[PDB]
Amino acid sequence: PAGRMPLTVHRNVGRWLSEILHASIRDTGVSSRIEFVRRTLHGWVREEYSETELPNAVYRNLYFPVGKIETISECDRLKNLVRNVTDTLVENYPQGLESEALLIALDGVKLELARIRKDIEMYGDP
Amino acid sequence: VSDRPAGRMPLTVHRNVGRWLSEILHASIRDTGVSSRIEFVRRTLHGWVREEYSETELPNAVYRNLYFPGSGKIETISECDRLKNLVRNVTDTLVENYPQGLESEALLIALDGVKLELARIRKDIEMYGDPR
Ligand SMILES: [Cl-]
């Protein structure tokens, strides 16, 4: 059994992932990992809920409700959003290769935000 | 077990990838951003290979040994280079055998993260390590 997150929680996670994407269009290390997490979760939520509880029309609009990271404030804001998503996944899904894949991808987002922040601090403006 | 990519690797190729992952792991098991990603890839492939090969092609005793199987820390430029090449070998082999999809994408991401970590460690060695 895969485990399950409530629909309201999926909704919150989808919103946070979209916010990170909107901020990272020009940072493909970040965006490609977020897209992976989003596409994975879009797949899972369909499996966790019947068509009766979650109609196609409502489903197809939950993770896909139808850009350069260059400031410290932006690294911090994104790190916080990543923490929100990671904490939520850890709270709701069992330890296993399925969830590990997402947690590793989210950690790699943090590795990118860390590299960016470091570059700003050393080579950017006071 | 039924969930894996729509393709397969030759047994000799699995063995090579196993060897490369083990070598990376032996050299970096104290670099947790590298080792945790490598362990994920090893564990994943270990599950897949069992379904790709029958018990007569790959007996249980042979199977157990395929993926399973110094300071343990990356501290030289030489090691960064070696590991970067082993990572490249693994990544190149995966794309040669498994089609694009979420299943293999998880692996390719983890392996890209290893490269992100090698890069950070390399920069630390260059700036803060021995200038001669
Ligand atoms: Cl990663």
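Residues numbered from 1 in each chain as written, not as in the entry; some residues may be left out. Chains lettered and ligands numbered in written order. Heavy atoms only, no water. Residues with missing side-chain atoms left out of burial classes, pairs and counts.

Per the PDB header, the title for this entry is "Crystal structure of unknown function protein from Leptospirillum rubarum".

**Q** Quick question: what am I supposed to make of the environment of B:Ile74 here?
**A** Residue and element names in this part refer to chain B. Summarising the element assignment, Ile74 is placed in the loop between α3 (60-66) and α4 (77-97). A C-alpha to C-alpha distance of 24 Å links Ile74 and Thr93, two positions 19 residues apart in sequence. Apart from the residues lying within four places of it in its own chain, the contact partners of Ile74 are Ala27, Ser28, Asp31, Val34, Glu79, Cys80, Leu83, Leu118, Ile121 and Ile125. (Helix = DSSP H or I, 4+ residues; strand = E, 2+ residues; numbered from the N terminus. Contact = heavy atoms within 4.5 Å.)

**Q** Even after reading the chapter, I still don't get unusual backbone geometry, so can you show me in this structure?
**A** Backbone geometry follows two general trends: most residues other than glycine have a negative phi, and most peptide bonds adopt the trans configuration. Following B:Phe68, the chain continues into B:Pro69 via a peptide bond in cis, with omega recorded as 15°. Relative to the elements of secondary structure, B:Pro69 occurs in the loop between α3 and α4.

**Q** What exactly am I supposed to notice about the pattern of salt bridges here?
**A** Between side chains of opposite charge, a pair can form as their charged atoms come close. Residues and elements named next belong to chain B. What the rule picks out here adds up to 14 salt bridges over all chains. A salt bridge links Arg43 to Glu39; the shortest N-O distance between them is 2.6 Å. Remark: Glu39 and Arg43 occur in helix α2 (residues 32-52); sequence separation between them is four residues, near one turn of the helix. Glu39 gets classed as partly exposed once you look at its relative accessible area, which sits at 22%. Among the salt bridges present, the one from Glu117 reaches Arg120, with a minimum N-O distance of 2.9 Å. Residue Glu117 and its partner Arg120 are both found in helix α5 (residues 102-128); the two are separated by three residues, about one turn of the helix. The class of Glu117 is buried, set by a relative accessible area of 7%. By relative accessible area, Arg120 is classed as partly exposed at 45%. When salt bridges with common partners are traced through the structure, they connect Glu39, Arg42 and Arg43 into a single cluster. (Salt bridge = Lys/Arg side-chain N within 4 Å of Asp/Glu carboxyl O. Buried < 20%, exposed > 50% of the residue type's maximum accessible area, 1.4 Å probe, protein only.)

**Q** What exactly am I supposed to notice about a nonpolar patch on the surface here?
**A** On the surface, A:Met122, A:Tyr123, B:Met127 and B:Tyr128 cluster together to form a nonpolar patch covering roughly 530 Å² of accessible area. Judged by its relative accessible area of 59%, A:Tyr123 is exposed. (Patch = residues over 30% accessible without salt bridge, like charges linked within 9 Å, V, L, I, M, F, W, Y side chains within 5 Å. Areas by Shrake-Rupley, 256 points an atom, 1.4 Å probe, with all protein chains shown as cover.)

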